[PDB]
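Have a look at the structure below before the remarks.
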Number of protein chains: 2
Amino acid sequence: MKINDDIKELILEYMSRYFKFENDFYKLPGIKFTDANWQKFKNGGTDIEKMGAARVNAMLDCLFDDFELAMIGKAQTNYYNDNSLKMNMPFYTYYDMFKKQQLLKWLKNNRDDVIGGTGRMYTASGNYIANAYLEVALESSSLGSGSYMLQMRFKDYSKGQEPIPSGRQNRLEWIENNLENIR
Amino acid sequence: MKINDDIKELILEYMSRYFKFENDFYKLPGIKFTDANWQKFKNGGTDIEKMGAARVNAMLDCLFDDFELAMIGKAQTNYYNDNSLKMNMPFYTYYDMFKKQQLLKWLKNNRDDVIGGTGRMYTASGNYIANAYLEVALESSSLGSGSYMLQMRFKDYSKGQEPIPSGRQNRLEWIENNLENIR
């Protein structure tokens, strides 16, 4: 993993997907931006590399599952080693493609193990954004209490917005049918 | 994951396993400490939570594979939610136990997919520590160019120090026979 402007961009991009109002994210505990300092952060005023470690990792911990944080790092290695990747696309876009390919790998080699659900996002105001993202996990990677070693998050970007159905097979079929609609 | 004193302790613990001389680690490019400031940090004089994000994550990136960084986060969730764990042991020790259990899981359910090798460690002076750690990966998690999505590191602590043999089935047998000697 490497903390740079590519991570700042990834944070701002993922913040905009999961939160309707920015204040629900930047005023969260451990993040706590003042309205003025947040605007400074977004506009390129404060360097992420010199920012407090706990603050930067609280932003990442909120927007990403710990397995996704692993994928971010692995994608970074691939991204900085290939000039064709940097030439054609920004980092956050390559990461999404890297993540999608991991899902396709799970769907090909671990299909009977693929489980899905809906994730909730905690806001600064104390409330929850119900159905903030789709969660995909490998059931056997179970850690107890709804925790999984191998877990990913996707946002449904379809125009139609097919409602995610209940049931193991119904959800597996929904994922396989919405592969081009999720990011 | 969460940046706190448990992560500082984990960094100092893993630094001592992979490096013979501390200067080979703290004077590394992304880390860049001074002989005096490194001592200040070691004996609680410097707060890791307020330290530069790129600096803290360069220490973590050096000592851990990106998949291990995911395990650190997952272990943190388990650790901070179980009073029994917090009562009996520090976090770095629980992490090692968490990591060992992931290996046992791979050895039980993915044995034909377990591959092993030796890892090199880069020092501040420009040299390499040859057999710094044992690397264990799941071959099917191959990202290409010697990169694996699921990869872990162990240090052999046997009094005997059985030499890690060449060969897929021999290395597998070595791991299964040194399960109590590796950390």
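In the structure tokens, each chain is lettered A, B, ... as it comes, each chain's residues begin at 1, and ligands are numbered from 1 in order of appearance.
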
Within 6 Å of chain A, which residues of chain B are there when counting only C-alpha atoms? Please give them as a CSV table (one decimal) with C-alpha atoms, in the first residue's frame.
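What ended up in part_17.csv:
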```
chain,number,residue,atom,x,y,z
B,1,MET,CA,-8.2,-1.0,9.9
B,3,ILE,CA,-3.9,3.2,13.4
B,49,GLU,CA,-2.0,8.5,15.1
B,50,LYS,CA,-0.7,12.0,14.4
B,51,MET,CA,2.4,10.8,12.3
B,52,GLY,CA,2.5,11.3,8.5
B,53,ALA,CA,0.2,8.8,6.6
B,54,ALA,CA,2.7,7.9,3.9
B,61,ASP,CA,4.1,-1.9,3.3
B,66,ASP,CA,-1.1,-6.5,1.3
B,67,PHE,CA,-3.1,-9.6,2.2
B,70,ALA,CA,-6.2,-7.2,5.4
B,73,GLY,CA,-7.7,-5.2,10.0
```

- From the DSSP assignment of the backbone, select every residue of segment 67-126 of chain B that is helix (DSSP H, G or I), and format the answer as a PyMOL selection string. chain B and resi 67-81+83-88+91-109+111-113

- Got a sec to tell me which of chain B DSSP assigns to strand (DSSP E or B), as JSON, numbers by chain? {"B": [52, 114, 115, 116, 117, 118, 119, 120, 121, 122, 128, 129, 130, 131, 132, 133, 134, 135, 136, 137, 138, 142, 143, 144, 147, 148, 151, 152, 153, 154, 156, 182]}

- Shell of 12 Å around residue 35 of chain B, only C-alpha atoms, local chain residues under 2 positions omitted, as a ChimeraX atom specification: /B:22-27,32-33,37-42

Export of the given selection (C-alpha atoms) as a PDB file, in the first residue's frame:
```
ATOM      1  CA  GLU B  22      17.243  -1.306  13.286  1.00  0.00           C
ATOM      2  CA  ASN B  23      19.047   1.321  11.056  1.00  0.00           C
ATOM      3  CA  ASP B  24      18.465  -1.031   8.058  1.00  0.00           C
ATOM      4  CA  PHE B  25      14.693  -0.338   8.580  1.00  0.00           C
ATOM      5  CA  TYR B  26      14.229   3.221   9.989  1.00  0.00           C
ATOM      6  CA  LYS B  27      16.650   4.827   7.464  1.00  0.00           C
ATOM      7  CA  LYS B  32      13.495   8.055   6.744  1.00  0.00           C
ATOM      8  CA  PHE B  33      14.037   8.456  10.510  1.00  0.00           C
ATOM      9  CA  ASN B  37      13.662  10.734  16.429  1.00  0.00           C
ATOM     10  CA  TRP B  38      13.609   6.911  15.999  1.00  0.00           C
ATOM     11  CA  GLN B  39      14.392   6.504  19.750  1.00  0.00           C
ATOM     12  CA  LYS B  40      11.648   9.091  20.589  1.00  0.00           C
ATOM     13  CA  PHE B  41       9.116   7.025  18.552  1.00  0.00           C
ATOM     14  CA  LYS B  42      10.260   3.648  20.084  1.00  0.00           C
TER      15      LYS B  42
END
```

- Length of the atom CA of residue 97 of chain B to atom CA of residue 183 of chain B vector [Å]: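 For atom CA of residue 97 of chain B relative to atom CA of residue 183 of chain B, the distance reads 8.4 Å.
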
- Query: segment 162-179 of chain B: which residues within 9 Å, counting only C-alpha atoms, same-chain residues fewer than 3 positions away excluded, as a ChimeraX atom specification?
  - Reply: /B:100,104,107,111-112,114-118,134,156,158-159,182-183

- Query: If you count only C-alpha atoms, which residues fall within 8 Å of segment 15-20 of chain B, apart from same-chain ones fewer than 6 positions away, as a ChimeraX atom specification?
  - Reply: /B:63,121,129,132-133,155

Selection to disk with N, CA and C atoms, as a JSON list (two decimals), in the first residue's frame:
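After the write, out_15.json holds the following:
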```json
[["chain", "number", "residue", "atom", "x", "y", "z"],
["B", 63, "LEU", "N", 6.96, -4.34, 6.04],
["B", 63, "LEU", "CA", 6.83, -5.49, 6.93],
["B", 63, "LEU", "C", 5.71, -6.46, 6.59],
["B", 121, "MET", "N", 14.54, -9.12, 1.77],
["B", 121, "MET", "CA", 14.24, -7.88, 2.44],
["B", 121, "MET", "C", 15.31, -6.85, 2.09],
["B", 129, "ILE", "N", 18.61, -8.78, 2.61],
["B", 129, "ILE", "CA", 18.66, -9.83, 3.63],
["B", 129, "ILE", "C", 18.03, -11.01, 2.88],
["B", 132, "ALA", "N", 14.93, -13.66, 4.44],
["B", 132, "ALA", "CA", 14.32, -12.83, 5.48],
["B", 132, "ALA", "C", 13.07, -13.43, 6.10],
["B", 133, "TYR", "N", 12.25, -14.11, 5.27],
["B", 133, "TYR", "CA", 11.01, -14.76, 5.66],
["B", 133, "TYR", "C", 10.60, -15.84, 4.66],
["B", 155, "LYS", "N", 8.36, -16.44, 9.88],
["B", 155, "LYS", "CA", 9.75, -16.49, 10.29],
["B", 155, "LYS", "C", 9.95, -17.82, 11.00]]
```

- Task: Grab the atom CA of residue 110 of chain A to atom CA of residue 96 of chain A distance for me, in Å with one decimal place.
- Result: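 It comes out at 20.1 Å.
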